file my_file.pdb (PDB, N, CA and C atoms and all ligand atoms)
ATOM      1  N   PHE Q   1      -0.292  -6.230  40.942  1.00  0.00           N
ATOM      2  CA  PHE Q   1       0.196  -5.060  40.155  1.00  0.00           C
ATOM      3  C   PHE Q   1      -0.951  -4.105  39.854  1.00  0.00           C
ATOM      4  N   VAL Q   2      -0.630  -2.827  39.701  1.00  0.00           N
ATOM      5  CA  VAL Q   2      -1.642  -1.820  39.409  1.00  0.00           C
ATOM      6  C   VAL Q   2      -1.844  -1.700  37.904  1.00  0.00           C
ATOM      7  N   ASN Q   3      -2.972  -1.129  37.495  1.00  0.00           N
ATOM      8  CA  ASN Q   3      -3.233  -0.958  36.075  1.00  0.00           C
ATOM      9  C   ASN Q   3      -2.329   0.131  35.530  1.00  0.00           C
ATOM     10  N   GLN Q   4      -2.229   0.208  34.207  1.00  0.00           N
ATOM     11  CA  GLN Q   4      -1.328   1.149  33.565  1.00  0.00           C
ATOM     12  C   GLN Q   4      -1.898   2.066  32.497  1.00  0.00           C
ATOM     13  N   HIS Q   5      -1.338   3.267  32.448  1.00  0.00           N
ATOM     14  CA  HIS Q   5      -1.654   4.263  31.441  1.00  0.00           C
ATOM     15  C   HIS Q   5      -0.318   4.603  30.841  1.00  0.00           C
ATOM     16  N   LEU Q   6      -0.018   3.994  29.702  1.00  0.00           N
ATOM     17  CA  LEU Q   6       1.281   4.167  29.069  1.00  0.00           C
ATOM     18  C   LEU Q   6       1.208   4.600  27.618  1.00  0.00           C
ATOM     19  N   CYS Q   7       1.855   5.720  27.313  1.00  0.00           N
ATOM     20  CA  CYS Q   7       1.887   6.265  25.962  1.00  0.00           C
ATOM     21  C   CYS Q   7       3.332   6.431  25.508  1.00  0.00           C
ATOM     22  N   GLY Q   8       3.533   6.401  24.198  1.00  0.00           N
ATOM     23  CA  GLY Q   8       4.866   6.576  23.649  1.00  0.00           C
ATOM     24  C   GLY Q   8       5.942   5.667  24.210  1.00  0.00           C
ATOM     25  N   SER Q   9       7.111   6.243  24.464  1.00  0.00           N
ATOM     26  CA  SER Q   9       8.244   5.484  24.975  1.00  0.00           C
ATOM     27  C   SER Q   9       7.995   4.823  26.326  1.00  0.00           C
ATOM     28  N   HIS Q  10       7.026   5.319  27.092  1.00  0.00           N
ATOM     29  CA  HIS Q  10       6.760   4.710  28.388  1.00  0.00           C
ATOM     30  C   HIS Q  10       6.224   3.298  28.242  1.00  0.00           C
ATOM     31  N   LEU Q  11       5.515   3.028  27.153  1.00  0.00           N
ATOM     32  CA  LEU Q  11       5.008   1.683  26.940  1.00  0.00           C
ATOM     33  C   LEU Q  11       6.182   0.739  26.671  1.00  0.00           C
ATOM     34  N   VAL Q  12       7.161   1.209  25.901  1.00  0.00           N
ATOM     35  CA  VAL Q  12       8.332   0.395  25.588  1.00  0.00           C
ATOM     36  C   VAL Q  12       9.121   0.071  26.858  1.00  0.00           C
ATOM     37  N   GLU Q  13       9.210   1.033  27.774  1.00  0.00           N
ATOM     38  CA  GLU Q  13       9.892   0.823  29.049  1.00  0.00           C
ATOM     39  C   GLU Q  13       9.169  -0.270  29.841  1.00  0.00           C
ATOM     40  N   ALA Q  14       7.838  -0.225  29.826  1.00  0.00           N
ATOM     41  CA  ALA Q  14       7.028  -1.214  30.533  1.00  0.00           C
ATOM     42  C   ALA Q  14       7.224  -2.608  29.948  1.00  0.00           C
ATOM     43  N   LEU Q  15       7.205  -2.706  28.623  1.00  0.00           N
ATOM     44  CA  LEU Q  15       7.406  -3.992  27.959  1.00  0.00           C
ATOM     45  C   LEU Q  15       8.775  -4.552  28.318  1.00  0.00           C
ATOM     46  N   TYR Q  16       9.785  -3.686  28.346  1.00  0.00           N
ATOM     47  CA  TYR Q  16      11.129  -4.126  28.695  1.00  0.00           C
ATOM     48  C   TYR Q  16      11.151  -4.714  30.104  1.00  0.00           C
ATOM     49  N   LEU Q  17      10.487  -4.050  31.046  1.00  0.00           N
ATOM     50  CA  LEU Q  17      10.460  -4.535  32.424  1.00  0.00           C
ATOM     51  C   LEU Q  17       9.684  -5.835  32.586  1.00  0.00           C
ATOM     52  N   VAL Q  18       8.567  -5.942  31.882  1.00  0.00           N
ATOM     53  CA  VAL Q  18       7.733  -7.132  31.959  1.00  0.00           C
ATOM     54  C   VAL Q  18       8.357  -8.350  31.271  1.00  0.00           C
ATOM     55  N   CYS Q  19       9.012  -8.124  30.138  1.00  0.00           N
ATOM     56  CA  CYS Q  19       9.582  -9.223  29.370  1.00  0.00           C
ATOM     57  C   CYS Q  19      11.040  -9.594  29.628  1.00  0.00           C
ATOM     58  N   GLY Q  20      11.842  -8.639  30.081  1.00  0.00           N
ATOM     59  CA  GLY Q  20      13.237  -8.939  30.357  1.00  0.00           C
ATOM     60  C   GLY Q  20      13.976  -9.576  29.194  1.00  0.00           C
ATOM     61  N   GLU Q  21      14.788 -10.589  29.487  1.00  0.00           N
ATOM     62  CA  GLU Q  21      15.568 -11.267  28.457  1.00  0.00           C
ATOM     63  C   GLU Q  21      14.744 -12.082  27.472  1.00  0.00           C
ATOM     64  N   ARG Q  22      13.476 -12.324  27.793  1.00  0.00           N
ATOM     65  CA  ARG Q  22      12.609 -13.082  26.896  1.00  0.00           C
ATOM     66  C   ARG Q  22      12.393 -12.289  25.617  1.00  0.00           C
ATOM     67  N   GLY Q  23      12.587 -10.977  25.707  1.00  0.00           N
ATOM     68  CA  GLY Q  23      12.393 -10.123  24.549  1.00  0.00           C
ATOM     69  C   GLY Q  23      10.924  -9.807  24.355  1.00  0.00           C
ATOM     70  N   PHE Q  24      10.619  -8.939  23.400  1.00  0.00           N
ATOM     71  CA  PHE Q  24       9.234  -8.573  23.148  1.00  0.00           C
ATOM     72  C   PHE Q  24       9.036  -7.947  21.780  1.00  0.00           C
ATOM     73  N   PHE Q  25       7.770  -7.796  21.407  1.00  0.00           N
ATOM     74  CA  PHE Q  25       7.407  -7.172  20.149  1.00  0.00           C
ATOM     75  C   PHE Q  25       6.566  -5.930  20.435  1.00  0.00           C
ATOM     76  N   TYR Q  26       7.018  -4.793  19.919  1.00  0.00           N
ATOM     77  CA  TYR Q  26       6.315  -3.528  20.031  1.00  0.00           C
ATOM     78  C   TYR Q  26       5.604  -3.395  18.694  1.00  0.00           C
ATOM     79  N   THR Q  27       4.281  -3.545  18.699  1.00  0.00           N
ATOM     80  CA  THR Q  27       3.511  -3.502  17.456  1.00  0.00           C
ATOM     81  C   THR Q  27       2.283  -2.582  17.493  1.00  0.00           C
ATOM     82  N   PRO Q  28       2.473  -1.287  17.202  1.00  0.00           N
ATOM     83  CA  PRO Q  28       1.402  -0.282  17.197  1.00  0.00           C
ATOM     84  C   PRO Q  28       0.057  -0.646  16.554  1.00  0.00           C
ATOM     85  N   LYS Q  29      -0.016  -0.580  15.233  1.00  0.00           N
ATOM     86  CA  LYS Q  29      -1.261  -0.871  14.524  1.00  0.00           C
ATOM     87  C   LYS Q  29      -1.913  -2.217  14.845  1.00  0.00           C
ATOM     88  N   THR Q  30      -1.129  -3.180  15.319  1.00  0.00           N
ATOM     89  CA  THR Q  30      -1.674  -4.498  15.642  1.00  0.00           C
ATOM     90  C   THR Q  30      -2.743  -4.405  16.726  1.00  0.00           C
TER      91      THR Q  30
ATOM     92  N   UNK S   1      -4.980  -2.022  19.116  1.00  0.00           N
ATOM     93  CA  UNK S   1      -4.152  -3.040  19.772  1.00  0.00           C
ATOM     94  C   UNK S   1      -3.644  -2.537  21.116  1.00  0.00           C
ATOM     95  N   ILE S   2      -2.716  -3.305  21.679  1.00  0.00           N
ATOM     96  CA  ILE S   2      -2.159  -3.031  22.993  1.00  0.00           C
ATOM     97  C   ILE S   2      -1.518  -1.658  23.083  1.00  0.00           C
ATOM     98  N   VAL S   3      -0.817  -1.252  22.031  1.00  0.00           N
ATOM     99  CA  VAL S   3      -0.172   0.052  22.042  1.00  0.00           C
ATOM    100  C   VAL S   3      -1.233   1.145  22.180  1.00  0.00           C
ATOM    101  N   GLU S   4      -2.323   1.007  21.431  1.00  0.00           N
ATOM    102  CA  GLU S   4      -3.400   1.991  21.485  1.00  0.00           C
ATOM    103  C   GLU S   4      -4.177   1.918  22.800  1.00  0.00           C
ATOM    104  N   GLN S   5      -4.490   0.699  23.234  1.00  0.00           N
ATOM    105  CA  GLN S   5      -5.233   0.476  24.471  1.00  0.00           C
ATOM    106  C   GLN S   5      -4.533   1.060  25.700  1.00  0.00           C
ATOM    107  N   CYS S   6      -3.239   0.810  25.826  1.00  0.00           N
ATOM    108  CA  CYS S   6      -2.492   1.305  26.976  1.00  0.00           C
ATOM    109  C   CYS S   6      -2.458   2.825  27.072  1.00  0.00           C
ATOM    110  N   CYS S   7      -2.550   3.487  25.924  1.00  0.00           N
ATOM    111  CA  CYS S   7      -2.502   4.941  25.879  1.00  0.00           C
ATOM    112  C   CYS S   7      -3.879   5.611  25.887  1.00  0.00           C
ATOM    113  N   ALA S   8      -4.788   5.150  25.027  1.00  0.00           N
ATOM    114  CA  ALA S   8      -6.135   5.723  24.945  1.00  0.00           C
ATOM    115  C   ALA S   8      -7.006   5.287  26.118  1.00  0.00           C
ATOM    116  N   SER S   9      -6.711   4.109  26.648  1.00  0.00           N
ATOM    117  CA  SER S   9      -7.421   3.574  27.790  1.00  0.00           C
ATOM    118  C   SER S   9      -6.420   3.185  28.888  1.00  0.00           C
ATOM    119  N   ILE S  10      -6.548   1.985  29.440  1.00  0.00           N
ATOM    120  CA  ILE S  10      -5.603   1.506  30.437  1.00  0.00           C
ATOM    121  C   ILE S  10      -5.332   0.048  30.109  1.00  0.00           C
ATOM    122  N   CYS S  11      -4.224  -0.477  30.616  1.00  0.00           N
ATOM    123  CA  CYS S  11      -3.872  -1.864  30.357  1.00  0.00           C
ATOM    124  C   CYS S  11      -3.099  -2.433  31.540  1.00  0.00           C
ATOM    125  N   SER S  12      -3.053  -3.755  31.652  1.00  0.00           N
ATOM    126  CA  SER S  12      -2.358  -4.390  32.768  1.00  0.00           C
ATOM    127  C   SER S  12      -1.028  -5.002  32.350  1.00  0.00           C
ATOM    128  N   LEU S  13      -0.169  -5.253  33.329  1.00  0.00           N
ATOM    129  CA  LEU S  13       1.121  -5.864  33.046  1.00  0.00           C
ATOM    130  C   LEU S  13       0.896  -7.281  32.524  1.00  0.00           C
ATOM    131  N   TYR S  14      -0.219  -7.891  32.917  1.00  0.00           N
ATOM    132  CA  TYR S  14      -0.539  -9.237  32.466  1.00  0.00           C
ATOM    133  C   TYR S  14      -0.877  -9.218  30.980  1.00  0.00           C
ATOM    134  N   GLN S  15      -1.511  -8.142  30.527  1.00  0.00           N
ATOM    135  CA  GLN S  15      -1.837  -8.008  29.114  1.00  0.00           C
ATOM    136  C   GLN S  15      -0.543  -7.750  28.339  1.00  0.00           C
ATOM    137  N   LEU S  16       0.365  -6.967  28.917  1.00  0.00           N
ATOM    138  CA  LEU S  16       1.635  -6.692  28.248  1.00  0.00           C
ATOM    139  C   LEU S  16       2.452  -7.965  28.072  1.00  0.00           C
ATOM    140  N   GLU S  17       2.310  -8.887  29.016  1.00  0.00           N
ATOM    141  CA  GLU S  17       3.034 -10.148  28.991  1.00  0.00           C
ATOM    142  C   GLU S  17       2.787 -10.969  27.714  1.00  0.00           C
ATOM    143  N   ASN S  18       1.631 -10.779  27.088  1.00  0.00           N
ATOM    144  CA  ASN S  18       1.312 -11.508  25.865  1.00  0.00           C
ATOM    145  C   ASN S  18       2.175 -11.072  24.687  1.00  0.00           C
ATOM    146  N   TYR S  19       2.930  -9.993  24.869  1.00  0.00           N
ATOM    147  CA  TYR S  19       3.776  -9.488  23.801  1.00  0.00           C
ATOM    148  C   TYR S  19       5.244  -9.843  23.963  1.00  0.00           C
ATOM    149  N   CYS S  20       5.538 -10.634  24.988  1.00  0.00           N
ATOM    150  CA  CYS S  20       6.900 -11.089  25.207  1.00  0.00           C
ATOM    151  C   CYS S  20       7.165 -12.204  24.197  1.00  0.00           C
ATOM    152  N   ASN S  21       8.442 -12.460  23.938  1.00  0.00           N
ATOM    153  CA  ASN S  21       8.864 -13.501  23.008  1.00  0.00           C
ATOM    154  C   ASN S  21       9.172 -14.763  23.810  1.00  0.00           C
TER     155      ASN S  21
HETATM  156 ZN    ZN E 101       7.012  11.142  29.362  1.00  0.00          ZN
END

call {"tool": "encode", "arguments": {"input": "my_file.pdb", "output": "structure tokens", "more": "lines below"}}
Ligand SMILES: [Zn+2]
result
Amino acid sequence: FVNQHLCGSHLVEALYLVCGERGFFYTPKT
Amino acid sequence: XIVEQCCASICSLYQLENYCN
């Protein structure tokens, strides 16, 4: 896989694709 | 964190994987 430059909603789209049904946590300040 | 890193810098899908449940 190639590296990523993801900001805003694009990061959430990436997390959705990577995690699928396993679900995920979107945590900014963390 | 990852949200900041992916935007201010770059990040990999493998790093994103650590945020799955
Ligand atoms: Zn956009």

call {"tool": "interface_residues", "arguments": {"input": "my_file.pdb", "of": "chain S", "to": "chain Q", "cutoff": "6 Å", "atoms": "only C-alpha atoms", "output": "list in words"}}
result
residues 1, 3, 6, 7, 10, 11, 12, 19, 20 and 21 of chain S

call {"tool": "write_last_selection", "arguments": {"input": "my_file.pdb", "atoms": "N, CA and C atoms", "output": "mmCIF file, in the coordinates of the input"}}
result
data_model
loop_
_atom_site.group_PDB
_atom_site.id
_atom_site.type_symbol
_atom_site.label_atom_id
_atom_site.label_comp_id
_atom_site.auth_asym_id
_atom_site.auth_seq_id
_atom_site.Cartn_x
_atom_site.Cartn_y
_atom_site.Cartn_z
ATOM 1 N N UNK S 1 -4.980 -2.022 19.116
ATOM 2 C CA UNK S 1 -4.152 -3.040 19.772
ATOM 3 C C UNK S 1 -3.644 -2.537 21.116
ATOM 4 N N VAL S 3 -0.817 -1.252 22.031
ATOM 5 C CA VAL S 3 -0.172 0.052 22.042
ATOM 6 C C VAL S 3 -1.233 1.145 22.180
ATOM 7 N N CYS S 6 -3.239 0.810 25.826
ATOM 8 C CA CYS S 6 -2.492 1.305 26.976
ATOM 9 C C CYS S 6 -2.458 2.825 27.072
ATOM 10 N N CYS S 7 -2.550 3.487 25.924
ATOM 11 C CA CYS S 7 -2.502 4.941 25.879
ATOM 12 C C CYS S 7 -3.879 5.611 25.887
ATOM 13 N N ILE S 10 -6.548 1.985 29.440
ATOM 14 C CA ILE S 10 -5.603 1.506 30.437
ATOM 15 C C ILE S 10 -5.332 0.048 30.109
ATOM 16 N N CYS S 11 -4.224 -0.477 30.616
ATOM 17 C CA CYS S 11 -3.872 -1.864 30.357
ATOM 18 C C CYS S 11 -3.099 -2.433 31.540
ATOM 19 N N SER S 12 -3.053 -3.755 31.652
ATOM 20 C CA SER S 12 -2.358 -4.390 32.768
ATOM 21 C C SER S 12 -1.028 -5.002 32.350
ATOM 22 N N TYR S 19 2.930 -9.993 24.869
ATOM 23 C CA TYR S 19 3.776 -9.488 23.801
ATOM 24 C C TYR S 19 5.244 -9.843 23.963
ATOM 25 N N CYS S 20 5.538 -10.634 24.988
ATOM 26 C CA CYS S 20 6.900 -11.089 25.207
ATOM 27 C C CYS S 20 7.165 -12.204 24.197
ATOM 28 N N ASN S 21 8.442 -12.460 23.938
ATOM 29 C CA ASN S 21 8.864 -13.501 23.008
ATOM 30 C C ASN S 21 9.172 -14.763 23.810
#

call {"tool": "atom_distance", "arguments": {"input": "my_file.pdb", "atom1": "atom N of residue S:17", "atom2": "atom C of residue S:5"}}
result
12.5 Å

call {"tool": "atom_distance", "arguments": {"input": "my_file.pdb", "atom1": "atom C of residue S:2", "atom2": "atom ZN of ligand ZN 101 (chain E)"}}
result
16.6 Å

call {"tool": "select_by_dssp", "arguments": {"input": "my_file.pdb", "residues": "chain S", "states": "helix (DSSP H, G or I)", "output": "JSON, numbers by chain"}}
result
{"S": [2, 3, 4, 5, 6, 7, 8, 13, 14, 15, 16, 17, 18, 19]}

call {"tool": "atom_distance", "arguments": {"input": "my_file.pdb", "atom1": "atom CA of residue S:18", "atom2": "atom ZN of ligand ZN 101 (chain E)"}}
result
23.6 Å

call {"tool": "axis_aligned_box", "arguments": {"input": "my_file.pdb", "around": "stretch 12-15 of chain Q", "padding_each_side": "4 Å", "output": "JSON"}}
result
{"center_x": 8.5, "center_y": -1.7, "center_z": 28.1, "size_x": 10.9, "size_y": 13.8, "size_z": 12.9}

call {"tool": "decode", "arguments": {"input": "my_file.pdb", "residues": "chain Q", "atoms": "C-alpha atoms", "output": "PDB file, in the first residue's frame"}}
result
ATOM      1  CA  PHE Q   1       0.000   0.000   0.000  1.00  0.00           C
ATOM      2  CA  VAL Q   2       1.078   3.590  -0.619  1.00  0.00           C
ATOM      3  CA  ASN Q   3       1.502   6.214   2.088  1.00  0.00           C
ATOM      4  CA  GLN Q   4      -1.319   8.636   2.824  1.00  0.00           C
ATOM      5  CA  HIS Q   5      -2.054  12.333   3.156  1.00  0.00           C
ATOM      6  CA  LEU Q   6      -5.507  12.533   4.668  1.00  0.00           C
ATOM      7  CA  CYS Q   7      -7.268  15.549   6.161  1.00  0.00           C
ATOM      8  CA  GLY Q   8     -10.802  16.062   7.414  1.00  0.00           C
ATOM      9  CA  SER Q   9     -13.468  13.661   6.192  1.00  0.00           C
ATOM     10  CA  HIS Q  10     -10.969  11.877   3.953  1.00  0.00           C
ATOM     11  CA  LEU Q  11      -9.310  10.370   7.003  1.00  0.00           C
ATOM     12  CA  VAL Q  12     -12.672   8.997   8.164  1.00  0.00           C
ATOM     13  CA  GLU Q  13     -13.208   7.432   4.719  1.00  0.00           C
ATOM     14  CA  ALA Q  14      -9.785   5.772   4.999  1.00  0.00           C
ATOM     15  CA  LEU Q  15     -10.503   4.423   8.485  1.00  0.00           C
ATOM     16  CA  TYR Q  16     -13.799   3.016   7.228  1.00  0.00           C
ATOM     17  CA  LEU Q  17     -12.031   1.194   4.386  1.00  0.00           C
ATOM     18  CA  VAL Q  18      -9.224  -0.124   6.573  1.00  0.00           C
ATOM     19  CA  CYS Q  19     -11.434  -1.258   9.456  1.00  0.00           C
ATOM     20  CA  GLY Q  20     -14.651  -2.400   7.793  1.00  0.00           C
ATOM     21  CA  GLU Q  21     -17.087  -4.167  10.117  1.00  0.00           C
ATOM     22  CA  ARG Q  22     -14.484  -4.269  12.894  1.00  0.00           C
ATOM     23  CA  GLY Q  23     -15.367  -0.636  13.469  1.00  0.00           C
ATOM     24  CA  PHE Q  24     -12.993   2.134  14.488  1.00  0.00           C
ATOM     25  CA  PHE Q  25     -12.323   5.135  16.688  1.00  0.00           C
ATOM     26  CA  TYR Q  26     -11.825   8.602  15.196  1.00  0.00           C
ATOM     27  CA  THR Q  27      -9.917  10.488  17.897  1.00  0.00           C
ATOM     28  CA  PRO Q  28      -8.438  13.916  16.925  1.00  0.00           C
ATOM     29  CA  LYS Q  29      -6.608  15.281  19.986  1.00  0.00           C
ATOM     30  CA  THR Q  30      -5.392  11.779  20.901  1.00  0.00           C
TER      31      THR Q  30
END
